[PDB]
């Protein structure tokens, strides 16, 4: 009676994941290889943060896990919650580790779930029982509840699939619970299909979702019919594949949805969606970890992360206090957002654009990472409010900030997984 799974993950951590932390030019092996493991045993919250991250990395070559990525992550927060009540009397080094581990974990799991977002845009999300184009009781995203003509029969199933009296009404979080089972089911089918299995395996995450999509719209055997375009895809003739599908009956039936799917295939990105995709959640998750970083800033040479953060990355002293007039010295980089310039006022959008600028100036491909990890948690209150409020302006920059990340990720020598979930680039 032991957690052979916890021990495996931990073993996985001490074995295959830490070299990826160091390779990312984030701290050295001294600390990630020997120091953290030691600390883990003393501080439960760090151990949990550590297992969640491990689970995350292991599960890209091993099924099942997933739930561990979620529970440990939960516990890490339960414990971090009360560890932070009195920061100054805790192990600031353990805190720093936990936060950094969680950040990378959130990055790797950023794209996890936009498939659900993908179909939401493409098919629609219904929270209360309704009837499909055939009169059947469905719910969520095209989820069939029963071919029975009894509304209450539907209710029973709906309450069976979930675990409570829904009266035929569910919460978004249940729709996806259901949707995801449906993706699982679809996947099994693809794999159990000779014409589809090869192409599917051949495909990365983003492009796999785009195929699932087709399988959701036209049905399995339906998709198996695009044999020409399926080959191109297999052989990775992206551009070729896109042109071939653009001239199929599917395309005429539904051009707009076809275009989005085509592009996803063509580009390997969520480009065709993100704009219609609800505010990227990972931003908030990183924000809840990095904030820890900003709350310990800075500590004595006593803690061995002293020289690793390198200093306080919060400081914007060289661009705050100006001279004459209320116009700042920030120049625009990456135009088509120059629109927001010359930030000619010490008013909204400042602090954020000042940090984005230091993120662009940070050529030490190690402190650049930390600026990436730290960004979400440095966003000031005002701006932050605007970002959630939908303020189209403030969404604009978060996209250029997301652009720097992809740029970095691409140009980098040794590709970094985990920022793979947030930039694609897989691997090279």
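Numbering follows the first chain given and starts at 1.
- The question of which stretch, 320 to 328 or 79 to 87, has the higher mean Cα B factor is settled in favour of 320 to 328.
- Stretch comparison (386 to 394 versus 51 to 59) by mean CA B-factor in the PDB entry places 386 to 394 on top.
- Looking only at 310, 202, 138, 263, the residue with the top Cα B factor in the deposited structure is 310.
- You'll see in the entry that, of 338, 144, 110, 104, the Cα B factor peaks at 338.
- Per the deposited record, the Cα B-factor of residue 351 falls in the highest third when ranked against the other modelled residues of its chain.
- Annotation for residue 46: CA B-factor lies in the lowest third of the chain's modelled residues.
- Looking at the C-alpha B-factors along this chain, the one for residue 221 belongs to the lowest third.
- Residue 303: CA B factor in the highest third of modelled residues in this chain (values from the PDB entry).
- In the PDB entry, a CA B factor belonging to the highest third of its chain's modelled residues is recorded for residue 400.
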